[PDB]
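Chemist: Have a look at this one.
Every residue, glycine among them, receives a Cβ derived from its backbone with ideal geometry; neighbour counts consider all protein chains shown. Read the figures in this text as sums done on the coordinates, not as results from a lab.
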Amino acid sequence: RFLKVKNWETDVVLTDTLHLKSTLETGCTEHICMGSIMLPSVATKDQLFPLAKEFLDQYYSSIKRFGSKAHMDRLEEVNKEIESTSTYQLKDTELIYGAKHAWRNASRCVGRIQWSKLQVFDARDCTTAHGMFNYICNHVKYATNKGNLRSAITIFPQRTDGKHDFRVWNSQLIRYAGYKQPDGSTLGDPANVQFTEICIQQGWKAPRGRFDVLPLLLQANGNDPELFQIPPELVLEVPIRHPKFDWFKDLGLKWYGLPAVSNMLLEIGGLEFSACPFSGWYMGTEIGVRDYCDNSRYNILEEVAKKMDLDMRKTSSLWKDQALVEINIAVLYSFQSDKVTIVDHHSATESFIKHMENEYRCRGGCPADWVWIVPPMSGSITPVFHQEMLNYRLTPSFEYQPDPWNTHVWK
Ligand code: HEM
Ligand SMILES: CNCc1cncc(-c2cc(C)cc(N)n2)c1
Ligand SMILES: C[C@H](O)[C@H](O)[C@H]1CNc2nc(N)[nH]c(=O)c2N1
Ligand SMILES: [Zn+2]
C-alpha cells in the first residue's frame, strides 16, 4: 500500500505514497496490464464540487494555508458559484497552480524537472478565433525567446455546455504539412496528411513542398474554425547539419524549434480547458528518431545510410542503427550551434531521475510512464531504462481528447 520502486543500475529504492492520492483509473486490472496501450479509456454540478474541493484543498495546502480562513471561504465561495452557475471560475493564482501541476503530473513527460518554471498565459477572456490567433502568436513569440526557449501554456476559456468549445484543431501549433502524391506516396509529414487536407478543405493554399508550416485552424466558442498563418518571422527553424558529414546539408533537413502541443485537454478542479496549447523545448530524439526515422513519418534512414556508405542489403549490418545515431548527433549539433534550446536524451533522462528523487522526497512519489519516459533509441544506456516507475493518474492533468473534426457539429 506504500509501494517501493527500485533502480537496477544504482540499487536505489524509493517509497511511493503519492499514488494513494491518485483518483483516476489506468486501464490495467489485477489480471491485465495496459501499460503499452497508447490511448486507453457534459459534466454536471453534483460531480463538480468534490473536484473543486479536492483541488482547492491541495492548492491551499500548497501555499502553506491548509484549512485556514481564506481556504474555507473560497471553498464556500466556489460551492455557492456551483449552485448559482453549475460551474465556477478559477482565480489567476489557482489557474497557474493547476496548470503547473497538470505538467508535474504528466507521467509521460520526461521534462518535468522544469514543471514549476511554467509561464501561464490566461486567455480566458478570449472570444473569437482572431483573439486566439493573437494569443497563440504571443505564446509562440514568448516561448521561442530568440531560441532561448521558455516553457509556457495559454489557457483559452473553459468548456461550458459542450457545444461551445475552444479548440485548436492543430495537434501542435507548428507542424509541417503532409501531402499525399499522385503516385500514391507522400511529401512533407505523413502524420498531418488528413489535417493538411482539412486546411485545404477550409481554403488553405498549399505550397506543396516539404517543411511547409501549417496554418492554425482555430475554433472559438464552438464556432466553425478559421485559418490563420503564423507570421513566418515567429516560426524559428534550425537547419540540420552534421559536424562531420558535409553532405548532410544536401539532405536539406530542418526542424522547428518550438514543440507546442495544442490538441490536449487541461483539467483543473473539474473544469475542462479544451484549448490549452503548451510548449517547452525538444529532446533531440523526438526529431531525430521519431520525426525523422519513424516508418510512417519522414522515414529518412534510407538516404542517411546511403551517403554514409553502409551495407543495406543485410538487416543485421545494423545500418539502420548506425544512420540513426548520426542523425541525432546532427539534430543536437545543429540546435546547439544556433543557440536554440535542445536537450539530449542522456541529459534529459539524467535530470528526470534527479526530478524523480525530488518528487519522492518532498512529494512522496512521481507518476511515470516507463513506456514513454525511456527514449526511443539507446534505451538501456540511459538511466531511466533501469528505473522502475509507478504510473498513476493525478489531477490536475492533461488529457487526450477527440480530434475536433470527428465531433464538431458543423454548419
Ligand atoms: C520544458 C521542456 C520539456 C521537455 C524536454 C519535454 C519532453 C517531453 C517528451 C520528449 C515527451 C514525449 C512526446 C512524444 O514522445 O510524443 C513529452 C510528453 C509530454 N509533455 Fe513534456 N516536455 C517539456 C515541456 C512540457 C510542458 C511545458 C508541458 C505542459 C505544460 C509538457 C507536458 C507534456 C505532456 C502532457 C506530455 C504527454 C502528452 C503527449 O505528448 O502524448 N511538457 N515531454
Ligand atoms: C503525442 N505527443 C505529441 C508531441 C509531439 N512532439 C513533441 C511533443 C513535445 C511537447 C512538449 C511540450 C515538449 C516536448 N519536448 N515535446 C509532443
Ligand atoms: C505501442 C506503444 O504504446 C507506442 O508506440 C508508444 C511507445 N512509447 C512511446 N513513447 C513516446 N515517448 N512517444 C510515443 O509516441 C510512444 N509510442
Ligand atoms: Zn499495468
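Chemist: What order do you get for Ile153, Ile96, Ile174 when you list them from fewest to most C-beta neighbours inside 10 Å?
Modeler: Arranged by neighbour count, lowest to highest, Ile153, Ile96, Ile174 become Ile96, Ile174, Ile153.
Chemist: 7 Å from Cα along Cα→Cβ at both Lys411 and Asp73: what's the point-to-point distance in nm?
Modeler: Modelled inter-label distance: 4.2 nm.
Chemist: Please give the length that would be gained between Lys320 and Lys354 if that part of the chain were fully extended, namely 0.36 nm times their separation in residues minus their C-alpha to C-alpha distance (nm, one decimal).
Modeler: 9.1 nm
Chemist: For the stretch 137-196, which semi-axes, largest first and in whole Å, follow from the square roots of 5 times the eigenvalues of its Cα gyration tensor?
Modeler: Sorted largest first and rounded, they come to 28, 21, 6 Å.
Chemist: Pop the C-beta distance of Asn145 and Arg313 into the FRET formula with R0 = 56 Å and round what comes out to the nearest 0.05.
Modeler: The formula returns an efficiency of 0.75 here.
Chemist: Can I ask one more? So if each residue of separation counts as 0.36 nm, and I subtract the Cα-Cα distance between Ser86 and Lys249, what length gain in nm does that give?
Modeler: Between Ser86 and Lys249, full extension yields an extra 52.9 nm.
Chemist: What distance in nm separates the simple spin-label points at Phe66 and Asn299, each placed 7 Å from Cα in the Cβ direction?
Modeler: The answer from the label model is 5.5 nm.
Chemist: So what's the net charge close to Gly209: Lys and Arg +1, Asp and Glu -1, counting the other residues with Cβ under 15 Å from its Cβ?
Modeler: +3
Chemist: Let me ask something additional. Evaluate E = 1/(1 + (r/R0)^6) for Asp224 and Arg124, where r is the Cβ-Cβ distance and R0 equals 35 Å; express this FRET efficiency to the nearest 0.05.
Modeler: Once the sixth-power term is evaluated, E becomes 0.95.
Chemist: Could I ask something else about it? Between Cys362 and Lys306, with labels modelled 7 Å along Cα→Cβ, what's the label distance in nm to one decimal, could you check?
Modeler: 5.3
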